[PDB]
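What the coordinates show
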Amino acid sequence: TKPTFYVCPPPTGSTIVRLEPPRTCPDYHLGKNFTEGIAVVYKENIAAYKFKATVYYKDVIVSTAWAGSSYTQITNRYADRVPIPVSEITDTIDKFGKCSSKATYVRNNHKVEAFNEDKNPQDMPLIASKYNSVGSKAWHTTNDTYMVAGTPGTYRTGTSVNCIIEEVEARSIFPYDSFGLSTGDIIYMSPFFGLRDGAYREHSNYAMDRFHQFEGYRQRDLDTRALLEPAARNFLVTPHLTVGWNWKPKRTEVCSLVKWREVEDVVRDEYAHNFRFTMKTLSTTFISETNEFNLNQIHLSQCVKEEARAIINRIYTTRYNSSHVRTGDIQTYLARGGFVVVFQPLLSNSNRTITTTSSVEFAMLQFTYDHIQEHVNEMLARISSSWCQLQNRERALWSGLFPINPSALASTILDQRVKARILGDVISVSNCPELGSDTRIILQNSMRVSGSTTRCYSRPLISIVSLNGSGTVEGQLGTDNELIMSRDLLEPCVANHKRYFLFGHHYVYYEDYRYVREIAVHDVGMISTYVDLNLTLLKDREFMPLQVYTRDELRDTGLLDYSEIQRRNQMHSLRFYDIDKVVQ
Amino acid sequence: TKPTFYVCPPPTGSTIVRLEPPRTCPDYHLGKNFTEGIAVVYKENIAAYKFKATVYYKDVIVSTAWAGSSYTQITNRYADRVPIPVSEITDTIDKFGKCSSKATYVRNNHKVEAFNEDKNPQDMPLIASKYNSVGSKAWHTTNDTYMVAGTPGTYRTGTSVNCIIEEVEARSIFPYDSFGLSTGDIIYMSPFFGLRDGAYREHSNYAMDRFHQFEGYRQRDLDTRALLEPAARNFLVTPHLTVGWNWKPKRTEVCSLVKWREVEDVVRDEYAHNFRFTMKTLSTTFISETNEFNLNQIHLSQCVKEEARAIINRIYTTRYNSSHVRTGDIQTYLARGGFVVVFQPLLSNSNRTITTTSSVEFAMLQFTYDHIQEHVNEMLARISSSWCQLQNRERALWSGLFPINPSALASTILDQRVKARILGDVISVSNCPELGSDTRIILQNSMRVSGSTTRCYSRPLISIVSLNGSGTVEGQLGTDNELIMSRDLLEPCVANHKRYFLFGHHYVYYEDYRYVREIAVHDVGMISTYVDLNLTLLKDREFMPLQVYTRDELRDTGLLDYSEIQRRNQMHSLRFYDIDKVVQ
Amino acid sequence: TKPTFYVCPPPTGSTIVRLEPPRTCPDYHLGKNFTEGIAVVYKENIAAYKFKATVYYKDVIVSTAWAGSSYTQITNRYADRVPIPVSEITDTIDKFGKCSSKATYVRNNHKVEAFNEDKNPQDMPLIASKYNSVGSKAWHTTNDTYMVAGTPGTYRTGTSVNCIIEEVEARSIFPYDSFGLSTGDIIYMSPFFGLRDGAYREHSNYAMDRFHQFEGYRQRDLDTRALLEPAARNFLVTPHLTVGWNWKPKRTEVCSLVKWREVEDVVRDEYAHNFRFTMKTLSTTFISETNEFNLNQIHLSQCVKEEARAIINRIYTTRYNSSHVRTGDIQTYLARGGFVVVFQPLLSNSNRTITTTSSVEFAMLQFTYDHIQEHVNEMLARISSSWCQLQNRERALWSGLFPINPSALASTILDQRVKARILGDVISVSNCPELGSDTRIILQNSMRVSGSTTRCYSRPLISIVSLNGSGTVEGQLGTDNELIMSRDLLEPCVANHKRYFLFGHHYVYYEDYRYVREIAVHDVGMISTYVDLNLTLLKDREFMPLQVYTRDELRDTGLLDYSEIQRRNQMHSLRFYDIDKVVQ
Ligand SMILES: *[C@@H]1O[C@H](CO)[C@@H](O[C@@H]2O[C@H](CO)[C@@H](O[C@H]3O[C@H](CO[C@H]4O[C@H](CO)[C@@H](O)[C@H](O[C@H]5O[C@H](CO)[C@@H](O)[C@H](O)[C@@H]5O)[C@@H]4O)[C@@H](O)[C@H](O[C@H]4O[C@H](CO)[C@@H](O)[C@H](O)[C@@H]4O)[C@@H]3O)[C@H](O)[C@H]2NC(C)=O)[C@H](O)[C@H]1NC(C)=O
Ligand SMILES: *[C@@H]1O[C@H](CO)[C@@H](O[C@@H]2O[C@H](CO)[C@@H](O[C@H]3O[C@H](CO[C@H]4O[C@H](CO)[C@@H](O)[C@H](O[C@H]5O[C@H](CO)[C@@H](O)[C@H](O)[C@@H]5O)[C@@H]4O)[C@@H](O)[C@H](O[C@H]4O[C@H](CO)[C@@H](O)[C@H](O)[C@@H]4O)[C@@H]3O)[C@H](O)[C@H]2NC(C)=O)[C@H](O)[C@H]1NC(C)=O
Ligand SMILES: *[C@@H]1O[C@H](CO)[C@@H](O[C@@H]2O[C@H](CO)[C@@H](O[C@H]3O[C@H](CO[C@H]4O[C@H](CO)[C@@H](O)[C@H](O[C@H]5O[C@H](CO)[C@@H](O)[C@H](O)[C@@H]5O)[C@@H]4O)[C@@H](O)[C@H](O[C@H]4O[C@H](CO)[C@@H](O)[C@H](O)[C@@H]4O)[C@@H]3O)[C@H](O)[C@H]2NC(C)=O)[C@H](O)[C@H]1NC(C)=O
Ligand SMILES: *[C@@H]1O[C@H](CO)[C@@H](O)[C@H](O)[C@H]1NC(C)=O
Ligand SMILES: *[C@@H]1O[C@H](CO)[C@@H](O)[C@H](O)[C@H]1NC(C)=O
Ligand SMILES: *[C@@H]1O[C@H](CO)[C@@H](O)[C@H](O)[C@H]1NC(C)=O
């Protein structure tokens, strides 16, 4: 509650200062050279190469029964899948639509045969299965299996043979040196093995005697009974069945890269030694290197070039036909995480394999961060430039207002109470030491000069009585609790005089140069020159490691688990038998 | 180092200007109409429907031995799994807990039988396996397998039959038209096939003679020897075993959608034709359309409605019991990426299938971007409003300070040195052309008027001597290196005169109207009116395509790989035999 | 188009106000105590434990042929895999590199034997398969299979036996109580079962008579014919083959945690009860708890401690050898989502199992949000501090300029036209009520005082004629369309008088105290004191649920699908046979 006053001795030319000329503000050259265009992004092809084939085999069952007193007993049953030799196929099924009843094959290196029901061989028609729905079709000749019992006390052996033609779906994966079938049989030969076009250099685990090729082969549709259209056709006689598939060259069917996404409007900027591809429709930003990608380092990449050319030409002709024009041939870049962006640059009218990560967020995060960063940097640059203009403008008010009141402005700028004079075009400042304790300042009642009536004081008079015995100073009350050491502020005595003066924590009121009243500072109504800026801060957040499906849930979508079946079924003999007891 | 001076000819009323009235600032109406409430998010169910069943079968082994000189030789061994007909089950096992020793079945379309050890049929008790741990239990009758040798030189055939009852776990996937068992057998009949409640319209690949239903069937627990509780029970006699499972209706057990996450506090805002669901506890924002979702377009969605009703009612009663109140029935929205949000709106007291993506991460990105965007937009709006108030306030200082010094303020505003006059309520400006070269300005030593002593000049006097022969102008030094063409700035000769004047790069010092000294501008102490704003920019970042597990690592978690086993084991005959040699 | 004037009655001391002292601005203490260091992040090990083993078995085929008239007929063929007893192995193959031609085994609890071709037993050399490429090698003795036909009308039975030694790859998963082989056989014994070191306490589903251990066993390489180096070796005789594998202790080979990523420069800050690990090279932020993690709660975690010690010591010695120094032993924290960060703190020179999520995004998002939040909060703090200094500085201009023009500044601050007086050190304001309608203000032509020539008016004179009959006021035009009710603003008649005054929407021009002309306000040239701030807002974005591979694509990378093979092949008997017809 104690007011602090100062005592400012008269200044001296010692400390002179000046206002700095207006500072220049940096011009922020934020903005890069970009390039609009069209892009097609390609990922690695992880799917298996899928085609359709046919299996031709005969089901040769050999049943041995023991005819008993009142029953028949099967004492053996040997089921076996045997191939159909290509001679019978190309000479009987695709000729008359019939299949011989006699199996001729090779087992244990011997040429063995077998006859259904031990009868004369016939040619039976191939009849569709009862479940021949779409896709999975099969034609067989016999619905019955033959066995005989005999007279009680003897063994009799029967035998069935069932000509079966099934359409299967084959499937081969890189490096395409084998393919498995829906029946479960692995065929250790590439689907592109042949005799011409350098195909004889494919992989094959079989001898060339098992392999037959029919150029111009006209396969037969067993439903419409009509020959199909000519097409080279491979036939391979596996020890347990015969596979046949339409031959197709390797160069035109499989390709390591597949189109992932077409992007109509991209923008390529160049940031510090690296390219950047911003795609605002996907909200995805890929970051490549400045070098081109040579598609000769990747196996089987012949599709992408022409595929992307057709797609990119269509996109340009359908969207940018009139606004822009092309500027050269397509460029190929390897984006980060294993992607391949085929980029066509537009202008306005003015060996290994690639492994792709399984994400797109490392890119969506990149786009979002780039957006916020670019925008916030632009806004900060604008704030900075605007701030400079405002300071350079306020320098004029400060420089133009010093003549009117130099001491107040110099005390504000230096954040310390000082007394300043204008010595022409410069300012001579001087520190005002604060009035210490042991000092009693008494306030006089009247502002009138003694005896004189046309002249009166301007500010209230005070008496700074000293306590250390240094006498008694008699001055008057300056401004902002500044105590001048003289009474040289007089004025012509105005009429209807009313003034308020700041005395510590009070506003003393003087009417006709005499004390009238006093009012606390906290009682006077307030006027604010302050403009408000209530800026709130971003709060801290914590992200939870959320998931839509767990690994268990993702390994729970199939009908059977191979490892489960094997763990449960491979202890059939341990569970239900005693493998440790010996019989003597 | 050369100072540049100007020469300002007297202005003319030609160019008059004025201060613009205060500009209005836009009121930013940033803020949307939101709606708090509770939500439950549902994903597609990708798991298989799992139940428990029992398999009843007999292991019929037929061994053929050749008794030799000093050894016995197995010349054949035919193992086979055969069904247990439902008559024996429902009449002997669930009646006395015993199983007949005689197998009666159908092979090759003939009714065949077989007897263990070729003896009289018995009824053996079903005994638990030695490995009957939790879950996987099995009861069998015989631990031994019977075979006989005979006299050296003859073949003898034995036969075992082992009654086996196993509890398996069945598993069926959409569209639920088959189910596989832990033993490996596919049962081509839906788990919900029956005779009542329209169940006879399910899928079945078998004839109705193989199917038996026992309404009110009381199954028997082979451990506590006690009947279980009544429940309709289906029995199906597959050619190789008999499956039995408790029947359950399709409408009450399987449902395409499963609850993923309950969210207690959500907020639905409406942004440009689309809904948005902000969930601050998950930090996830889903973006749907304005339309409701009809759950009748999705197969098997009967669970979600009532399930969500119970959960949502519990959540309200446990958290928002007193603060808010409900405002109508639940609404169903299809969020983006394939999710289903069942949203219950609160208020304060004042056919196909759905395919779900495997990542809500695009939604965590959405939430984070929405947060930064909303907050930064709010802060920019506040900066803009505050900026307007500050400019509208500084307009008062500029307008109020022009009378004191019009030329300085007009030179600052126009960013060009000009001379302005106040022609009443307007300002008449005039350009000040800069003083060119070939001009020598000489500085006079004394500021005193010749002869006069009570009158002296205010600013130093200069002599602008010309070189093109245009004579010699004699004026004095104005302010800011302005060269007035006259000497009309006089003053009453003050006592103790001290002034500093700016002469190019120097402050010339004059004491009693005579030159005294000079000081370089770079030597005078400085006072700064500048407030600092050191704003730093966001730097560029590069995100690496990081992963926790690769695709290989994710295909390395199982005990066996089916394709690996098949590639290695299906060349057993090629590796270890010579399939190309013929014997003659 | 109508100008609005005011009428301000003379103020009264009633409403006095004052400028607020400068407001203090909060010092933003944004900044946390961080700790630099090195970290190694460890994920859960999901891969199977993979080792190499050898299988020793004999292929015993038993063929029964029926020699016919002009052909041979196989009436049975029983293939079987039989073990090689360990006596023959350790006494003949690893001694001489030969294998006996006689199989001795146990089937149906009887000790059975069999001889290839029914000949005298021999010792045949083990010969490599023709396909012995890298890795998968196999040595067998016979490429041929023996069978005989006989005289037409009789059955003859042959038999092959083929000694086969294959190198397989075994594979066991947690809790390591079984392992499967590449041949498909499950071995129900832990790979770490033994006789010493407490290994006899592992899991084993077999009797101890089937198990043999050879301490110091020197296995034999069948290619270089040389003994290998000594190593304890387990042998187990499974009912269908014999497995042999080098024994290795459980404590030194398998460990639940695997090193995921080494991070050279991390920074651990402490935010609200939780630790945070910022890794700027990965752009990843993990958020743990303040507690240490006890690695004794996790099974098989013995690797991580010493592994991380070696790696962390190497990292320090290679990068931070001279800049920093260590500050204690390593600390172990469980980050969120199931990760384990082993953190070594640096200083400058001044039981269950852990389940890991499959993401590295919930943390890349965390890092990015932390970066934007920290930077934007720092910038907002700087804007706020700068704003305070600027307001505290502008308070000096407002306080210092009130003496010059109190009414204009008080009208601007209060955003309302008022009339203010300076009553010493305070300001007494008074509201100026606006001049209503029914009032005609007439403008006089001359500014000259009647008769007097050395004295003239300063502002144009007006006559406010009243219409309600209240007479006619005669005053003059004040400033800013303020209508003073008196004519007390006179001036010494200057020469060359030129003034512009604002009359509504016009600037009336007066030359020598007489009306001259008028100009519309919209016609006067403009000067702007306004500094521009064009701040643009962030626009709304929508993220699409993008994916690189779908779930189908990820389940399409294998050669065969087990469930597909089983669904297609398990209806072989239903498709191609008639299981519903009975023969009588
Ligand atoms: C061994 O026995 C089986 C039967 O156990 C024999 O199968 C028969 O042969 C038919 C020809 O292959 C086969 O397909 C037939 O039916 C197909 C389905 O069409 C429906 O409408 C039929 C009435 O016209 C109806 O009988 C039939 O119902 C049977 O099939 C359904 C299918 O799920 C079962 O649910 C039933 O239980 C029942 O078994 C169907 O509802 C039909 O598409 C077939 O037509 C073929 O040919 C057409 C040319 O005209 C062509 O246009 C069409 O696309 C098809 O390719 C065909 O009519 C049946 O399964 C069965 N036939 C009968 C009398 O039901 C099998 O042939 C035999 N094998 C040998 C070698 O002997
Ligand atoms: C063919 O031969 C096999 C043996 O080769 C027969 O199996 C026997 O029959 C028992 C009943 O099915 C079967 O289970 C028994 O043991 C179970 C384990 O309990 C433990 O504690 C026992 C102490 O009393 C101990 O002997 C036993 O150790 C045996 O089993 C473990 C299993 O890992 C082996 O590791 C050992 O080598 C040893 O063989 C166990 O440690 C036990 O749970 C069973 O109790 C059942 O019934 C209880 C009712 O009272 C019930 O409460 C409980 O829940 C169980 O359901 C039971 O005691 C054994 O494998 C074996 N018995 C013996 C004497 O070892 C098989 O029956 C036979 N098949 C036929 C048809 O002939
Ligand atoms: C049952 O019959 C099969 C044949 O049907 C017998 O297999 C023979 O035995 C050889 C030894 O195991 C086996 O491997 C031999 O060839 C390997 C490949 O090397 C190549 O270069 C050879 C030039 O000399 C060339 O002949 C050979 O071409 C054959 O094999 C390739 C393999 O794909 C086929 O594509 C061809 O069609 C052709 O069949 C190869 O191109 C070779 O690595 C082997 O050397 C081993 O031993 C070396 C020690 O000196 C060692 O350095 C090396 O690392 C190998 O371990 C070996 O020469 C062949 O498959 C075959 N031999 C012949 C004559 O082709 C099998 O032995 C028999 N089983 C029994 C028990 O009777
Ligand atoms: C700023 O705004 C927030 C939001 O309502 C408010 O809580 C806070 O009190 C405000 N601060 C000031 C100083 O007005
Ligand atoms: C702004 O702050 C940064 C951070 O320390 C500093 O490097 C830079 O020099 C500062 N700029 C100015 C102009 O002070
Ligand atoms: C602000 O800048 C944007 C960007 O070009 C522009 O469209 C807009 O008109 C500007 N606003 C103002 C008021 O100048």
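Higher on the page you've got the structure.
**With respect to the overall build of chain A**
Scanning chain A from N- to C-terminus turns up 8 helices and 34 strands. Rg of the C-alpha trace for chain A: 51 Å, well past the compact-globule value of 25 Å for 584 residues, more than 25% over.

**With respect to the sheet that holds strand 32 (residues 506–511) of chain B**
Residues and elements named next belong to chain B. With respect to topology, 3 strands assemble into an open sheet ordered 31-32-33, the strand pairing being antiparallel. Both outer strands of the open sheet, strand 31 (498–503) and strand 33 (515–520), are each paired with one neighbouring strand and no more. Taken pair by pair, the neighbouring strands of this sheet meet at an average axis angle of 25°, ignoring direction.

**Some remarks on empty space enclosed by the protein**
Put simply, the largest cavity is a space of about 240 Å³. Residue lining of the largest cavity: 13 residues in total, with A:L380, B:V376, B:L380, C:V376 and C:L380 positioned closest to the centre. Of all the secondary-structure elements, those providing two or more residues to the lining of the largest cavity are helix 4 (361–401) of chain A, helix 4 (361–401) of chain B together with helix 4 (364–401) of chain C. Split into classes, the residues belonging to the lining of the largest cavity amount to 12 nonpolar, 1 polar and no charged.

**Details of the interface of chain B and chain C**
Each side of the interface is counted separately: chain B has 121 residues, and chain C has 133 residues. Across the chain B/chain C interface, buried area totals approximately 12,200 Å², and carbon plus sulfur atoms make up 60% of it. Considering only the surface of chain B that becomes buried against chain C, B:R18, B:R575 and B:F576 emerge as the three largest contributors, covering 7% of it. Along the contact surface separating chain B from chain C lie 3 salt bridges.

**Notes on the packing of helix 4 of chain A against helix 4 of chain C**
Relative to each other, helix 4 of chain A and helix 4 of chain C sit at 10°, their axes nearing to 12 Å. As summarised for this structure, helix 4 of chain A and helix 4 of chain C are arranged roughly parallel, according to the angle between their axes. Of the residues in the contact of helix 4 of chain A with helix 4 of chain C, the class split is 19 nonpolar, 4 polar and 3 charged.

**Looking at the pairing of strand 15 (residues 233–238) of chain A**
Looking along a regular strand, one sees side chains alternate from face to face of the sheet. Residue and element names in this part refer to chain A. With 6 of 6 residues buried, strand 15 is to be regarded as a mostly interior element. Burial of strand 15 is two-sided: the residues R233, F235 and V237 facing one way and the residues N234, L236 and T238 facing the other way are all buried. Bridge analysis of strand 14 (residues 211–214) against strand 15 gives 4 bridges, and the strand direction is antiparallel. The partner of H212 across the bridge, within strand 15, is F235. Looking at chain direction, strand 15 and strand 16 (residues 241–246) are connected through 6 bridges and run antiparallel. Each bridged residue has a counterpart across the sheet, and for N234 the counterpart in strand 16 is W245. If you look at the hairpin formed by strand 15 and strand 16, you'll find 2 residues sitting between the two strands.

**Side note on the relation of the copies chain B and chain C**
Rotating chain B by 120° about the axis while translating it 0.0 Å along that axis superimposes it on chain C, leaving an RMSD of 0.1 Å. These values place the two chain copies in the arrangement generated by a three-fold rotation axis. Residue B:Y562, judged by its C-alpha, is the member of chain B lying nearest the rotation axis, at 3.7 Å.

**Overview of the sheet that holds strand 29 (residues 483–484) of chain A**
Residue and element names in this part refer to chain A. The strand order 25-27-28-29 describes an open sheet built from 4 strands, whose pairing is antiparallel. Looking at which strands have only one partner, the edges of the open sheet turn out to be strand 25 (439–443) and strand 29. Pairing of strand 25 with strand 27 (residues 461–466) involves 5 bridges; the strand directions are antiparallel. Directly across from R440, in strand 27, lies its bridge partner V465.

**Comments concerning helix 4 of chain C**
Its 38 residues place the ends of helix 4 of chain C 55 Å apart at the C-alpha level, agreeing with the 56 Å of an ideal helix rising 1.5 Å per residue. Here helix 4 of chain C lies mainly inside the structure; 30 of its 38 residues are buried.

**Re the state of the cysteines**
Residue and element names in this part refer to chain B. The final tally for this structure, using the stated rule, is 15 disulfides over all chains. The disulfide that involves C255 links it to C303, with 2.0 Å between the sulfurs. Residues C255 and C303 are joined by a disulfide whose S-S torsion is about 60°; by sign, that bridge is right-handed. With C255 in the loop between helix 2 (250–253) and strand 17 (257–271) and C303 in helix 3 (residues 302–319), this pair connects stretches of sequence that are 48 residues apart. For the residue pair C255 and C303, the accessibility class agrees, reading buried in each case.

**Side note on the environment of C:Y507**
By the element assignment, C:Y507 lies in strand 32 (residues 506–511). Considering only alpha carbons, one finds C:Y507 and C:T355, 152 residues apart in sequence, at a separation of 83 Å. The contacts of C:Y507, once residues within four sequence positions are left out, are B:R18, B:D425, B:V426, C:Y500, C:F501, C:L502, C:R517, C:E518, C:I519, C:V521 and C:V524.

**With respect to the site of ligand 1**
All names here are of chain A. Taken together, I127, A128, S129, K130, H140, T141 and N143 make up all the residues around ligand 1. Between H140 and ligand 1, the recorded distance is 3.3 Å, taken from a side-chain N or O atom to a nitrogen atom. Take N143: an N or O atom from its side chain is 2.4 Å from an oxygen atom of ligand 1. Calculation on ligand 1 without its partners gives an accessible area of 1,200 Å², and the protein chains cover 30% of this total. By residue class, the composition of the shell around ligand 1 is 2 nonpolar, 4 polar and 1 charged.

**Quick notes on the interface of chain B and chain A**
Chain B puts 133 residues into the contact, and the matching count from chain A is 121 residues. Where chain B abuts chain A, roughly 12,200 Å² becomes buried across the two surfaces, and 60% of that area is made up of carbon and sulfur atoms. At the boundary of chain B and chain A, one finds 3 salt bridges. Between the two partners, chain B and chain A, sit 48 residue pairs in polar contact. Here the side of chain B that touches chain A takes 24 residues from helix 4 of chain B, the largest share from any one element. Residues that form the side of chain B that touches chain A fall into these classes: 64 nonpolar, 41 polar and 28 charged.

**Some thoughts on the side chain of C:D540**
Residue position: C:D540 is located in the loop between strand 33 (515–520) and helix 6 (551–554). A distance of 3.4 Å separates a polar atom in the side chain of C:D540 from a polar atom in the side chain of B:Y271. A polar contact of 2.9 Å, which involves the side chain of C:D540, links it to the side chain of B:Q373. Excluding residues that lie within four positions of it along the chain, C:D540 makes contacts with B:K32, B:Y271, B:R276 and B:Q373.

**What about the pairing of strand 28 (residues 472–477) of chain A?**
Residues and elements named next belong to chain A. The sheet contact formed by strand 27 and strand 28 spans 5 bridges and is antiparallel. Paired with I462 across the two strands is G475, which belongs to strand 28. The antiparallel hairpin formed by strand 27 and strand 28 contains 5 residues in its connecting segment, where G469 sits at a positive phi of about 85°. Hairpin connection, strand 28 to strand 29: the antiparallel pair is bridged by 5 residues, and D480 has positive phi, about 60°.

**Quick word on helix 1 (residues 86–96) of chain C**
Residues and elements named next belong to chain C. Those residues of helix 1 that sit buried are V86, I89, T90, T92, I93 and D94. Summarising the contacts, the buried residues of helix 1 are in contact with strand 3 (49–67), strand 5 (98–100), strand 8 (123–125), strand 11 (155–172), strand 14 (211–214) and strand 15 (233–238). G97 sits one or two residues past helix 1 and shows a positive phi near 70°.

**Looking at unusual backbone geometry**
Backbone torsion omega between A:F174 and A:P175 reads 5°, so that peptide bond is classified as cis. Note that A:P175 resides in the loop between strand 11 (155–172) and strand 12 (179–180). Of note in the backbone geometry, A:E117 takes a positive phi value of approximately 60° without being a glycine. Tracing the backbone shows A:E117 in the loop between strand 7 (110–115) and strand 8 (123–125). In this structure A:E117 comes out as buried when scored by relative accessible area, which is 17%. Even without a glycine there, the phi angle at C:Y513 is positive, about 65°. Summarising the element assignment, C:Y513 is placed in the loop between strand 32 and strand 33. When its relative accessible area of 0% is taken as the criterion, C:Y513 is described as buried.

**Observations concerning the packing of aromatic side chains**
Counted under the stated rule, the structure contains 74 aromatic pairs over all chains. With a centroid separation of 5.5 Å and an interplanar angle of 75°, the aromatic rings of C:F193 and C:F211 are classed as edge-to-face. Taken together, the positions of C:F193 in the loop between strand 13 (186–187) and strand 14 and C:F211 in strand 14 put the pair 18 residues apart, joining distant regions of the chain. With a relative accessible area of 5%, C:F193 lands in the buried category. Sitting over the face of the ring of A:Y530, C:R23 holds its NZ or CZ atom 4.2 Å from the ring centroid.

Reading the values: the criteria
- Within every chain, numbering proceeds from 1 in written sequence order, not necessarily in step with the numbering of the entry, and residues without coordinates do not appear.
- Naming scheme: in the order in which they are written, chains are lettered from A and ligands are numbered from 1.
- Note: side-chain values were computed over all heavy atoms of the structure, leaving out hydrogens and water.
- Residues with missing side-chain atoms are left out of burial classes, side-chain pairs and their counts.
- Strands here mean DSSP runs of E at least two residues long; helices mean DSSP runs of H or I at least four residues long; both are numbered from the N terminus.
- The size measure is the radius of gyration over C-alpha atoms, and the globule rule it meets is 2.2 Å times the number of residues to the 0.38 power.
- Any two strands with at least two DSSP-identified bridges between them are counted as paired.
- Here an angle of 0 to 180 degrees is reported between the N-to-C directions of two axes, which are lines fitted to C-alpha atoms, with helices fitted over the stretch in contact.
- Method remark: on a 1 Å grid restricted to protein atoms, a set of points is classed as a cavity if a 1.4 Å probe fits but cannot get out and as a pocket if it is open with protein on both sides within 12 Å along at least five of seven lines; lining residues have an atom within 4 Å of a point.
- Grid points are joined across faces, edges and corners, and a volume is the space filled by probe spheres set on the points.
- Residues are grouped as follows: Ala, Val, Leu, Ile, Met, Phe, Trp, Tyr, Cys and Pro are nonpolar; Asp, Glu, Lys and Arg are charged; every other residue, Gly included, is polar.
- Should any heavy atoms of two residues lie within 4.5 Å, those residues are counted as being in contact.
- As a working definition, buried area equals the accessible area (1.4 Å probe) given up by two parts on being put together, with both sides summed.
- We define a salt bridge as a side-chain nitrogen of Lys or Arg found within 4 Å of a carboxyl oxygen belonging to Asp or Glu.
- In this scheme, roughly parallel covers angles under 35 degrees and roughly antiparallel covers those over 145, while 65 to 115 is roughly perpendicular and the rest are oblique.
- Here the term buried applies to any residue with accessible area under 20% of the maximum for its type, exposed to any over 50%, and partly exposed to those in between, with areas from a 1.4 Å probe on protein chains only.
- Copies share a common frame after least-squares superposition on their C-alpha atoms.
- Given a helix with a known number of residues, its expected span is that number minus one, times 1.5 Å.
- When two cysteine sulfur atoms are found within 2.5 Å, that pair is recorded as a disulfide.
- Put simply, a residue is near a molecule or strand once any heavy atom of it comes within 4 Å of that molecule or strand.
- We call two N or O atoms a polar contact when they sit within 3.5 Å, provided that within protein one can donate a hydrogen and the other can accept it, with sequence-adjacent residues counted only if both atoms are side-chain atoms.
- Accessible surface area values rest on a Shrake-Rupley calculation with a 1.4 Å probe, where residue burial reflects the displayed protein chains alone.
- To pair, rings of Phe, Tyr and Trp, with the six-membered ring standing in for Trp, must have centres within 6.5 Å; the planes then decide the type, stacked if under 30 degrees apart, edge-to-face if over 60, and tilted in the middle.
- Only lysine NZ and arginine CZ atoms are considered, and such an atom sits over a ring when it is within 6 Å of the ring centre and within 35 degrees of the ring normal.

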